[PDB]
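Just below is one structure, and these are the notes that go with it.
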């Protein structure tokens, strides 16, 4: 469970960094969603 | 008269009228079947170990391998271009229908 607490911390911080950087294409998503 | 003759004729027409799957359809009643609300919560102190490893580690590793960027925005904008080719085609048909519709009315007018 502590090993996973390490993974949740390390992986989720990378996921949050990857997600915020990606931003769900949030400008490309609006570009794509407003088109569809 | 867009207010008298239509109302008059409607009453005359009115007077002549006075004279004369199983699972899917059931779910439609308005309740979606519940899914596995287990993986997210769990508990360190609480019960079950598999949930820790049989739920969170392997999926997080698959997530971190899946969560990506290598291609990044290039893969997204490539699909955005396809959507523009799909959209213009519809409006071209809107025109073709618009022309033939006005063309038929044009013949009636004469």
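Residue numbers (the authors' numbering), protein chains in the order written: chain O, 506 to 541; chain s, 12 to 31, 85 to 174. The beta-carbon is built from N, C-alpha and C at its ideal position, and this holds for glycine as well.
Per DSSP, the unbroken alpha helix (DSSP H) holding residue 141 of chain s starts and ends at 138–173.
Distance between residue 133 of chain s and residue 150 of chain s, taken at the CA atoms: about 26 Å.
The C-beta of residue 147 of chain s comes closer than 9 Å to at least one C-beta of chain O.
For residue 515 of chain O, the uninterrupted alpha helix (DSSP H) segment begins and ends at 507–527. Residue environment for residue 171 of chain s: exposed (fewer than 16 other C-beta atoms within 10 angstroms of its C-beta). Residues of chain s with a Cβ closer than 8 Å to the Cβ of residue 536 of chain O are, in chain order, 144. Separation of residue 530 of chain O and residue 144 of chain s (C-alpha to C-alpha, rounded to the nearest whole angstrom) is 11 Å. Residue-level contact check: residue 105 of chain s does not touch chain O, since none of the beta carbons of chain O fall below 9 Å from its beta carbon. Contact note: residue 137 of chain s reaches chain O through 530, 533, using a C-beta cutoff of 7 Å and chain order. For residue 117 of chain s, the nearest CB of chain O lies under 9 Å from its own CB, placing it at the interface with that chain. Using beta-carbon distances, residue 141 of chain s counts as an interface residue toward chain O, with a partner under 9 Å. Chain O has no Cβ within less than 9 Å of the Cβ of residue 114 of chain s.
Below 8 Å, too few C-beta pairs join the region 17–28 of chain s and the region 158–170 of chain s to call them touching: fewer than three.
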